[PDB]
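Note sheet for the following structure.
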Amino acid sequence: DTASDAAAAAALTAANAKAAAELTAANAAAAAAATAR
């Protein structure tokens with residue numbers, strides 16, 4: 022169904038975009054911290 026699939030696509034886009042920012046920031050912080058030792 023078009024409206025259902027457009028809503029599912031919007032939720033997947035939002036979830037993956039948000040997760041990409043969160044893991045990018047967490048990974049950069051953890052890697053910089055580990056490297057500093």
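Numbering-wise, mature numbering (1 follows the signal peptide of the UniProt record, and there is no 0) comes out as the position in the sequence shown, counting from 1, plus 21. Virtual Cβ for every residue (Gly too), placed ideally from N, Cα, C.
* Straight-line CA distance for residue 24 to residue 54? -> 45 Å
**Asked** Roughly how many angstroms separate the alpha carbons of residue 22 and residue 40, rounded to a whole number?
**Response** 27 Å
- Message: Which of the three DSSP states is assigned to residue 22 in this structure?
- Response: coil
**Asked** CA-CA distance, residue 57 and residue 36?
**Response** 31 Å
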